[PDB]
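Protein chains in written order, with the entry's author numbering: chain T, 4 to 244; chain O, 4 to 232; chain Q, 2 to 47, 51 to 238; chain V, 1 to 194, 198 to 221; chain P, 2 to 202, 206 to 250; chain S, 4 to 239; chain U, 4 to 245; chain R, 9 to 240. Comments concern the structure below.
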Amino acid sequence: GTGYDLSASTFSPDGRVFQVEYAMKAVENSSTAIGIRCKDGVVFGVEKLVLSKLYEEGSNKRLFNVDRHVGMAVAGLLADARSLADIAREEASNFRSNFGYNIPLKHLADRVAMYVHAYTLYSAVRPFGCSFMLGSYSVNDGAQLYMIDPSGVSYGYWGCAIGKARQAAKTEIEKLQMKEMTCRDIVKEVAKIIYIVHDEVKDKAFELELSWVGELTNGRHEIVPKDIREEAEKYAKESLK
Amino acid sequence: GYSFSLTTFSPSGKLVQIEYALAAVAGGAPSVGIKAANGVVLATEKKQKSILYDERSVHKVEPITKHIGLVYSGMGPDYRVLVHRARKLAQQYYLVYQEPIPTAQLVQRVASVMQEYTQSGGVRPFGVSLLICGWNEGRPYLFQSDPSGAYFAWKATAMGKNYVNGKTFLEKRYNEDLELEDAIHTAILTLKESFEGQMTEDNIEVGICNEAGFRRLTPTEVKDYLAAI
Amino acid sequence: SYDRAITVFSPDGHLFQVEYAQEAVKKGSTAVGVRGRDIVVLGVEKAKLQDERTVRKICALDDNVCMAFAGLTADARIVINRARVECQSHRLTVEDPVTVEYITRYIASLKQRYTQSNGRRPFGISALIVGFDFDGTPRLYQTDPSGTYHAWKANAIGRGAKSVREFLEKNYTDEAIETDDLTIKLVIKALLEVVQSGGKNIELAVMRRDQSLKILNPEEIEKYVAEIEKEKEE
Amino acid sequence: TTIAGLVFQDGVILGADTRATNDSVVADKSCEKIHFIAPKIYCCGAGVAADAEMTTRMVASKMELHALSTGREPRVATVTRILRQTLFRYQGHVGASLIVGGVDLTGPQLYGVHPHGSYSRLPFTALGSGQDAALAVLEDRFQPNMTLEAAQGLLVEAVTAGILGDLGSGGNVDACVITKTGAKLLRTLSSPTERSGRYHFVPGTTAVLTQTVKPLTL
Amino acid sequence: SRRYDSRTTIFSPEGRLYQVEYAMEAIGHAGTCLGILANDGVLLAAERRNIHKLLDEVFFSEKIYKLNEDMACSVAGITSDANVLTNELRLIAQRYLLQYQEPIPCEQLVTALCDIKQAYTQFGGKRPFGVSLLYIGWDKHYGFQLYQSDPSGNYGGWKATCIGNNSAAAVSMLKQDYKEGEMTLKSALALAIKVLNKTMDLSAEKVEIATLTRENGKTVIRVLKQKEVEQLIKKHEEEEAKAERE
Amino acid sequence: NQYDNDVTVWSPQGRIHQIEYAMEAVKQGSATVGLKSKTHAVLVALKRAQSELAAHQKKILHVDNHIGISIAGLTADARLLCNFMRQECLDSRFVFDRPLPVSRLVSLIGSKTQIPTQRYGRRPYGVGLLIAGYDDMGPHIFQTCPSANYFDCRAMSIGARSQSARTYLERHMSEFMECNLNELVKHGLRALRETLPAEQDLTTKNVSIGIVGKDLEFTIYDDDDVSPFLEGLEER
Amino acid sequence: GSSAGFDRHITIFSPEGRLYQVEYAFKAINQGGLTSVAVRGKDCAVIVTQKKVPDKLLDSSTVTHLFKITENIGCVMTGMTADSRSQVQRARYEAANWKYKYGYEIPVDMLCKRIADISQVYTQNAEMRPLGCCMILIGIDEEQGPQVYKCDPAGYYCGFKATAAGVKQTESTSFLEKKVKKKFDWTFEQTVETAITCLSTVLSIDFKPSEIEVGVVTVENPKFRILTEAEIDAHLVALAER
Amino acid sequence: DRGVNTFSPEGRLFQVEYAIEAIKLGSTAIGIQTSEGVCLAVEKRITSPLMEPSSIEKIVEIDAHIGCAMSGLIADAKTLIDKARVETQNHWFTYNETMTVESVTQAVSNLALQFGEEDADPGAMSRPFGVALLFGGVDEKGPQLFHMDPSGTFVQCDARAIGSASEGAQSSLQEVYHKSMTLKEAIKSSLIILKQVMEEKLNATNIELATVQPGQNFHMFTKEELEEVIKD
Ligand code: NA
Ligand code: NA
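Structure, rendered in structure tokens:
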């Protein structure tokens, strides 16, 4: 459609807000990011395409710490993704201020999703060209993983993928029995799936970013250490052959 | 927001959104108002699309204060903004002056609000013409107010579908000192010209205004008037 | 409030809205101003059923400074009122009265701010501000919708202001200056170029050294019409 | 001022005296301190007379707005909440001490509302300068579920004890019974006290300098 | 936002304001409203566009509005816009009265509204008020006065003038018959009905007249009743027929 | 054509053309290079003269004792965004009595420059920065852009003909970390003149250098200041 | 279908008097690909919709269109899910704020009126679009008994004996108007089974427990009960003979 | 139709682009920086002998040690000249010292892209200033001449011109300019280069000249002082 696709304050005759759909295409063109809910936590893996070897490792970090107990993994226009992390950081900080404890992930997902939805209603602003996955572990609430898109929809996921290989990554996740497996195991299988769905012919070389949150980390979102990442990268290369 | 008028003058010299809003009124479910000597009548078509609709729930004929009432043709949601606002304007008069608001003065205040949306920034006007019944100085009052924010005091008039037929029907058949018994009967006969179906207590709505203020008529009260038609 | 950019630059470096405001000046009634030694003069172009007083286009701003205008008459009245306010507000801030340069600079500054601030189209007027300073020197300046200002010996604005300024460029000699009568005659000659049959269709007023403004009625105007046309023959 | 309230079996009764004092001088002998809020909600006015007047006016308008919108008879809990949150924002400077009484969906209800924005739900209460006399009468002879006749008699006896006992209070007992079926406003229900004069001056005794007479054609 | 902007407050290429001109075309369709000055008074006479059998007639007027004790006005255009402007005129009249404790002079009240109308042409991005007003009044400085204004925020003082349907035709007809300095209110009332007979398509329900006069140190504003109008209509019909024979 | 004028308007391609147009402000702007060793961080800037009479354009600016920048784009956006960095540095020295971490300063630029890309009637910052600075984590080169994206770097170049510079730097990466100061500056200078044609090369007029590390605060070298560094290798 | 100006791009009138941007918000409800049904009993009121879980990797608990607004009130949304959540957040705010300001449980008609009045602001102001979603509230009124209340993107609202919204709205309202004309003793069993069979026969699917989700309020238990998959299974097998 | 803060595909603001195009319409001005002083010359472009020549101030005193010459929209310049004049005396108030020529030019350069529609104050700018400024003064770093354009780009210049024949005059400045020359040679160089590009033939009433030395303050040249220099 043409004419009706310039403002988020304008529906088309079909009943579609094309500005929101065009923001979702910037995510579909962006590189693949994934995350799976384990038995004892949640793991994140990201295909970070290196534009130049001139850049340092741990630059353009598409994995972020929203809170001490929550991890954000993003795909889309990265500037928008960082500002969404700043919104989620403050929103989580506001909960601790108001109620004196760590924000629940479903609530954190809902409150940041309504932030994302607000930008899909007006000519005065545009939607966020970014989908992201929020993940967390706790004592009582346990392992939880939610994904949000440019429109502002929030759903909970056992497994989830966003980016270039959205559909291709999901059929590889369906094979894994994530509900029985642990975080220690899942890091190998998350690293495997990125190496599969990575297009070596089309795209340049990449760095695998890995983070996690679980009973291993005492419900704290840390990076996966270099011991375990390089074990999982080795597993990805040799099991590809 | 948008700080510029959406309603503007065309080369002909007509405020096009107001005439387009009048088309929304003109294609609305019809409404009639009649001024007797001893009272005022307001009646309208309440024919919803199915028997599934709860008839007792939402009302077209609505009170503003205990001595003034209201009815419309055209846009229903727009109407509800004007009802809430008119209700406030009545109390804002009563608080200040400790007297029931004159019907002329309520219309003038709601007219000013209806005018506001034909000029102010980033807003279309209302797709509603109001009919406002009342009782002030021991005597009845009936007023129209249409999307422009212009108002006209009527003895009797019609709105919505077949308003031209209702107006000519009324012109010859209205007498300037009718009884309120007869005027209620006339208002239902004006609606039966434009109706498509068998009329009942449910599918039309009537309110009245007299010595003891304004009220909406009950289904059984309407059913008595429908028995002799 | 309305924060739209009204006046902007074009492909070829023109401020189109200021240029269209100057087209609104060129339709308005032909206003003319002339300087002298002892006296300063203004005059304007012109229905039977009107009060002349109400549609007067010569306006006093303070006791010592007045002005004429050409263009949109509503737009003129706001500039005149805000000039009048600034004249008294100047006295309130520094006691001493307004020099003709200062008020012209203010009107220019006001006109310029409307060509650059958001929400606002320019003032569709050019003015001809005249008077006597603190030291007593006579002055004549001219502003336009852009907010540029320049002093003049004499100038025209309005309908056919080229043909009036062409006439003024030739005729402004030291002979016409010396006397109060001769400077007034020069203004009427200049207006007679554009005014199709003059006399009755000419507004005209004067300012002297220490004295305030003084409008000449059509009886006083038709005296100087006789003094011009007799002298042409001889 | 002595105002008081009383919950009985079929409803609520609200009482009030008629004296309005300016310092220690009686300004008004006959005034209504029982104000209309809703059809079956009334309110007694004490403290600052203007603040008692204008708050009860304002909440009445709010209940008319609320009732017209809802299409329902208003609740007595709603008037108490509106008053409180108005009065609390003004920090007691709006000095309206009020006894709010009525009947709704959930039965007969009586609330004491103080000017700082505190409230108390009660079966009997009293407020104003002679509250203590009236409240002493209520404590002495109140029981649960009174008759319509006994409640009027007790509430008249309470407001009368203030009328005589308190210098601020005086005049007649106004009253308002709020049964389930409507509200009976018994104005001048009692008269504890019950003149002579006649100082006829002859026309011309008052000396006059100017006289102007404007006849009224318009 | 920028795409949806009508841009009401801009110069067109010619050097003029489109919405101002287009608003004056709206007035050219609206009812014939005129005013005539005299030595002993001022009048306004207007075409009554609210004309039906079933109209109620609550108010003493329809297009005529009182403003101050010594002032009044009539309108031509969108009547809703007139209700805003007349309300604001009344506010200005009392704002002056509160300040100085005298009635506002007629030119000052007209300039005050015309400064507001001009603002809607210059800034705010808002459409102008589509109303021309004819004002009448008395003050201590200039006495009996008539003023015209229009959507631009421009005003003028007139001896006699017209606005509405057949505006130009009415003014040229007034330019023939009006005699400056020599006209009384009785002679002016004859000319008002003469001009409205030309313009309109003449029953007294379709006409609406009012007369501002000064009687005994106080201004007197009164609408004429339908007995007064109908006898003045028959006097025109007889005076028109008496000339036709001779 | 329809999706070109406003930053809020997403294209059907999934792109915002006003960002990508603002990126071209950097590219048509003059060349500049940045790189780091184990101990230092260096910026080198080809200063573009207007005419040959007029003096050369100032391309390297001071931010703090521990941070400085080199620019490429609109000079007003450069100066605005420079003053933002200067102020946030000043806030940190005022509040904490401790220099602001360079990665944290760079995050605030990204947060700031992103804001107007999402709002109607606003535009991105038409300027790219290379940001040299030393802190508790040693020396850094950071890049920023009109898109509000930022990059941690071993080295980088931006501006007119800067592809030539990036190709030179990508070869000599492992050399930079081991280099002394004079060898690190000489590497940055050789990357810069690769952007130039074969006809013209580096002089004391058209080159500026900006240096910070463990020993030294952010010093800027322009005219006779530069003469020590150039006199070493000059052929091709 | 005549058009001029920006009448299809922003909420302003067409020549005929329609608002095309409002009409497009009704088309946006169908984009969800789901149909909701709501029914009113003698002593209860029930809502039902498609709990469509195509992906096994979704957490099926977090996939829902039924929402709890207060204890005594709950709603089914249908339309754009982001708009649907947003409208629910505002319903919760206004309902809570009502109990703060006025000191009692907001009635179901007034909550539905409040959201409908908010929707009108989008219907009139050009700067924002209408929400492409449709809220059907249920709850037990004390005086008036059980209540079912829909409200549109246009800003209409109405009480219903039964109603539907979404893809197969016209078919669902056609099915319900046939069954309401016949006499039934409208018990909890009668009301629930009419809602499931209406959604079943219109779409032409024999539902499983995971393929639907049910919310309900009774006279005995007026708190908003969302039924489990086990509780849904009992009502499905009760229709084994039909 | 598009916004004021809109980039072209080339990577530059249309309104800034078009503000540079506006300076071509403006009348030409020259400034030459020398060790002995900065001279500044400009054509008045007098359209009528009725117009008073002395009231076209196109060179003006910013301070006792700084001047500024202008081309383009004359009204737009007076806002920037006043802001500079304010800035210097605000600096004198706070610091009890004179500003540098660079510091003044930078202060005016900060105002160049302070325009826009949404997010703005009551008196904030819709468009840029369509004015090129040639600053010229003597501070602690010798005599300095600085150029500014509508973009905000400012730079030191040994010699530069702006206006209709900016292109033509800069070629003449390239040949004529020498870095070790005197002030009086630089003054006469300008009037030679101005006489060519005008073709009204140059005279004392038709132009403004002004100089700033280390010893002497900002001096604008009179009729008698211009008539002495006129032609040799
Ligand atoms: Na007493
Ligand atoms: Na809208």
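For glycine and all other residues, C-beta sits at the position ideal for the given N, C-alpha and C.
Between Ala25/Q and chain P, the shortest Cβ-Cβ separation is below 8 Å.
When 7 Å is used as the limit between beta carbons, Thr162/P is near these residues of chain Q: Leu53, in chain order. Between the C-alpha atoms of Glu59/T and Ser12/T there is a straight-line separation of about 41 Å.
Per DSSP, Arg57/V is one residue of the alpha helix (DSSP H) stretching across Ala49 to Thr70. Residues of the segment 124–141 of chain T with a Cβ closer than 8 Å to any Cβ of chain P, in chain order: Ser126 and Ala127. At a cut-off of 7 Å, the beta-carbon of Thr197/U does not count as near ligand 2: no heavy atom of the ligand is closer than that. Note that the C-beta distance between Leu133/S and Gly32/S is not below 8 Å. Judged by the Cβ position, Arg132/U qualifies as a neighbour of ligand 2 at the 7 Å threshold, a heavy atom of the ligand being closer than this.
By a beta-carbon distance limit of 8 Å, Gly14/Q contacts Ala30/R. Their separation comes to about 4 Å. It is roughly 16 Å from the alpha-carbon of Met136/T to the alpha-carbon of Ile106/T.
When 8 Å is used as the limit between beta carbons, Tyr23/P is near no residue of chain U, the shortest such separation being about 15 Å. Boundaries for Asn214/R: no alpha helix (DSSP H) harbours it, and the DSSP string shows neither H nor E there. The three-state secondary structure of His65/S, taken from DSSP, is strand. The DSSP-derived three-state label of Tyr56/O is strand. With fewer than 16 other CB atoms across the displayed protein chains lying within 10 angstroms of its CB, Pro130/R is exposed.
Cα atoms of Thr52/U and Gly76/S: separation of roughly 56 Å, rounded to the nearest angstrom. Between the C-alpha atoms of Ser30/V and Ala46/V there is a straight-line separation of about 15 Å.
In the DSSP assignment, no residue is bridged to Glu110/R. In the three-state reduction of the DSSP assignment, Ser15/O falls in the coil class, being assigned neither a helical nor a strand state. Going by beta carbons, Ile3/V and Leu155/V fall outside the 8 Å limit. For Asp144/U, the secondary structure class from DSSP, reduced to helix, strand or coil, is strand. Shown here, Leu99/P sits in a helix according to DSSP, grouped into three states. The Cβ atoms of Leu147/P and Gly165/P lie no closer than 8 Å to each other. Partner residues in the beta bridge of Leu122/V, as assigned by DSSP, are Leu110/V. Spanning the alpha carbons of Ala29/T and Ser150/S requires a straight line of approximately 14 Å. Of all residues in the segment 27–40 of chain U, only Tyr27, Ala28, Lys30, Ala31, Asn33 and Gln34 place a beta-carbon less than 7 Å from a beta-carbon of chain T. Close to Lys91/O, with beta-carbon spacing below 8 Å, are these residues of chain V in chain order: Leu65. Around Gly20/U, the beta-carbon contacts reaching into chain O at under 9 Å are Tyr23, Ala24, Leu25, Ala26, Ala27, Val28, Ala29, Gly30, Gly31, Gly77, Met78 and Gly130. Taking 8 Å as the CB threshold, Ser134/R lines the interface with chain Q.
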